[PDB]
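One structure is given below, encoded as structure tokens.
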């Protein structure tokens, strides 16, 4: 019954700053505390155990701190792959508890979006439904808006959207720009377009293809 | 007429730190034709001669019974050391009587493990000859306390047995019976 | 070489039952107080239960007390979960951890296996459909597309694994059709457009649909 004050809940850092995580604790746990980093979806891994000691092979930038109930995790120079969500864990009594989760970011320069365009596949079309797809890749920040200009009559309400997690490689995103239509409504038209409006797109630019090459 | 050949013929013993004990008097036993069913992995003596008691009378005859592992066989001996001899059941240096055991893997090794029989891995001090601390106190390995929770250096004192049949003999469940005596200063009861 | 393996997720109808599995080696398994953990998708992680070194003592977190079943096999280095009378909210990704070593008294850095997805629903299971995206243009790029499988997950892999550079795995963009579409795609040197061959490696294991697709242009 030992609850954890994961502090703070969210943040974003310019690349290579020092950052610090408090984990206050509902009890006095002594040094019974480990610190974990969770790349999106992957398993967590230990980075500090015994509240101070470094795990094997880890770089030194992670600094374990604390004793009693206040606990600190320091990073020396934050790195573009250290994008993760973070959890400290109490390890004293077996009701086994964590911090709420510090989601953590990188502040990179505004990157330019990279946008290709792809048709419905012949496999795709022959099923009965045809899907058009537009590319967002290795850009920063992730905020942008896309538009489907089919025959120049723009399509609102048939667009499914996914976004990549920020690149652990170089802090730049990617987004899924799906179109969804049946074969007939795919063949009704001839002109198929896709428009991109990002902050770093000094002006908006566009990719396109005509149904039938 | 007296019914000695009873508990080992019986089926389920007690776990070693929970060793069941019988006081027997007003009795008469066959110490040889039960020995001559000598299918007991282990048998040797510290009190009196082997099976030369059948016309000998006693005040008290004792028979504790429990189940250990096969490696844990060695322990049931005057002057022994280990979590069995120190924390579970100590035989005195002046031990008067003997011990029998046999491979109960046949009987008491359940397929996922006889998670029932258990032993005290942990005691603060060491128990005296013929002592039974059947305590569930969450042993404090570490300084910071347990308060009744498991956790770091705060462990449950009794480790389970988990007698899977596949085990090495070391961990097959050996069913054990001790024969103490306090034959002195009371009627001639067990012959 | 510390190793842990979760296996045994997928679909389960609520009120029906499932069973998880954590095979281990690399350390000495029978030493450690074992335990499980689950995370609601995107949400905070929650300890659910543990088991002693000897199996002599266990206890469940309250959200699952009784309903589920810790168990370890000391001689095959495996921890288990039997999950019963399941619920649409029991749905999480179920990790296992190696924590407490009676062989010492000092701190052990707990080891977490890679996890496993349990999803409790009665809307039953559909194999995915796999679709390429052939390259068009200054330096090119290509990827695949998967659509209409249920439940999660499906597997990123590229060029029989030989590719991890620029592989952009998309989150599963769920559909009106109540299924999952998504895709992983990769930036591809426009020069190797003749010298290489590019094949993507799906795995919808819950529907046992596991297929590979070529990507070449025109």
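Residue numbers (PDB author numbering), protein chains in the order written: chain L, 1 to 213; chain R, 335 to 525; chain H, 1 to 137, 143 to 223. The C-beta atom is built at its ideal place from N, Cα and C for all residues, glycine as well.
query = Does residue 91(L) get closer than 8 Å to chain R when you measure Cβ to Cβ?
reply = The beta-carbon of residue 91(L) is placed less than 8 Å from the nearest beta-carbon of chain R.
request  = Taking only beta-carbon positions, decide if residue 214(H) is within less than 8 Å of chain L.
outcome  = no
ask   = What separation, rounded to the nearest whole angstrom, lies between the Cα atoms of residue 45(H) and residue 85(L)?
value = 11 Å
message = Quick check on the burial criterion: 16 or more other C-beta atoms within 10 angstroms. Buried or exposed for residue 92(L)?
response = Label assigned to residue 92(L): buried.
ask   = How would you label residue 487(R), buried or exposed, when you count the other beta carbons within 10 angstroms and need 16 or more for buried?
value = buried
inquiry  = Any contact between the stretch 174–192 of chain H and the stretch 145–157 of chain H? By contact I mean 3 or more CB pairs, one from each, below 8 Å.
reply    = By the criterion of at least three beta-carbon pairs nearer than 8 Å, the stretch 174–192 of chain H is in contact with the stretch 145–157 of chain H.
task = Can you check DSSP and say which residues form a bridge with residue 24(H)?
result = 4(H)
message = On the DSSP bridge list, what partners appear for residue 198(L)?
response = In the DSSP output, where bridge partners are listed per residue, residue 198(L) has 144(L).
ask   = At least one CB of chain H closer than 8 Å to the CB of residue 34(L): is that the case?
value = yes
message = Assuming residue 96(H) and residue 79(H) are in contact, meaning their beta carbons sit under 8 Å apart, how far apart are those beta carbons, in whole angstroms?
response = Their Cβ separation, rounded to whole angstroms, is 5 Å, which keeps residue 96(H) and residue 79(H) in contact under 8 Å.
Contacting residues, own chain, Cβ-Cβ under 7 Å from residue 175(H) (five flanking each side not counted) = Cβ-Cβ distances below 7 Å link residue 175(H) to 187, 188, 189 in the same chain, with the five nearest sequence neighbours on each side left out; the list follows chain order.
query = Buried or exposed: which applies to residue 38(H), given that a residue is buried once 16 or more other Cβ atoms fall within 10 Å of its Cβ?
reply = buried
ask   = From residue 159(L) to residue 196(L), what distance separates their C-alpha atoms?
value = 14 Å
request  = Please report how far the alpha carbon of residue 121(L) lies from the alpha carbon of residue 152(L), in whole angstroms.
outcome  = 22 Å
task = For residue 18(L), count neighbouring C-beta atoms within 10 Å of its own C-beta (all shown protein chains included) and say buried if the count is 16 or more, exposed if not.
result = With a 10 Å radius around the Cβ and a threshold of 16 neighbouring Cβ atoms, residue 18(L) comes out exposed.
key: Within chain L, the residues that residue 485(R) reaches when beta carbons sit closer than 9 Å   = 32, 91, 92, 93, 94, 95, 96
request  = Give me the Cα-Cα distance between residue 504(R) and residue 97(L), rounded to the nearest whole angstrom.
outcome  = Counting only the Cα atoms, residue 97(L) lies some 39 Å from residue 504(R).
message = Does chain H have any CB closer than 8 Å to the CB of residue 100(L)?
response = Yes - at least one Cβ of chain H is within 8 Å of the one on residue 100(L).
query = Alpha carbon to alpha carbon, how far is residue 390(R) from residue 432(R)?
reply = Taking the Cα positions, residue 390(R) is about 15 Å away from residue 432(R).
key: Cβ-Cβ separation, residue 55(L) to residue 106(L) (assumed contact under 8 Å), whole Å   = Actually they do not touch by this definition, with Cβ atoms about 22 Å apart.
key: Selection of the stretch 39–57 of chain H by Cβ proximity to chain R, strictly under 9 Å   = 50, 52, 53, 54, 55, 56, 57
query = Considering only the beta carbon of each residue, do residue 410(R) and residue 387(R) sit closer than 8 Å?
reply = no
inquiry  = In the DSSP assignment, the alpha helix (DSSP H) including residue 126(L) goes from what residue to what residue?
reply    = Per DSSP, residue 126(L) is one residue of the alpha helix (DSSP H) stretching across 122–127.
Straight-line Cα distance separating residue 400(R) from residue 453(R) = 10 Å
ask   = Going along chain H in order, which residues have a C-beta closer than 7 Å to the C-beta of residue 449(R)?
value = 55
ask   = Apart from the five residues on each side of it in sequence, which residues of its chain come closer than 8 Å, Cβ to Cβ, to residue 9(L)?
value = Hits under 8 Å: 100, 101, 102, 103.
query = Using a C-beta to C-beta distance shorter than 7 Å, which residues of chain L count as neighbours of residue 186(H)?
reply = 160, 178
task = Return the Cβ separation of residue 192(H) and residue 155(H) in integer angstroms, given the expectation that the two are a contact with Cβ distance under 8 Å.
result = Residue 192(H) to residue 155(H), Cβ: 30 Å. No contact.
ask   = Say the cut is 7 Å; is the CB of residue 9(H) nearer than that to a heavy atom of the ligand PLP?
value = Summarising the ligand content, the structure contains no ligands, and the ligand PLP is consequently not present.
ask   = Of the choices 366(R), 395(R), 369(R), whose alpha-carbon is the least far from that of residue 359(R)?
value = 395(R)
inquiry  = Between residue 27(H) and chain R, is the shortest Cβ-Cβ distance under 8 Å, so that the two count as touching?
reply    = no
inquiry  = Any beta carbon of chain L sitting closer than 8 Å to that of residue 180(H)?
reply    = yes
Residue 188(L), enclosing alpha helix (DSSP H) - first and last residue = Looking at the DSSP string, residue 188(L) is not in any alpha helix (DSSP H), and its letter there is neither H nor E.
query = Any idea if residue 195(H) is buried or exposed, counting beta-carbon neighbours within 10 angstroms, 16 or more meaning buried?
reply = exposed
query = Cα-Cα, which of 31(H), 32(H), 90(H), 203(H) is closest to residue 166(H)?
reply = 203(H)
ask   = If we count Cβ pairs, one from each stretch, closer than 8 Å, do we get three or more for the stretch 336–354 of chain R versus the stretch 135–144 of chain L?
value = no
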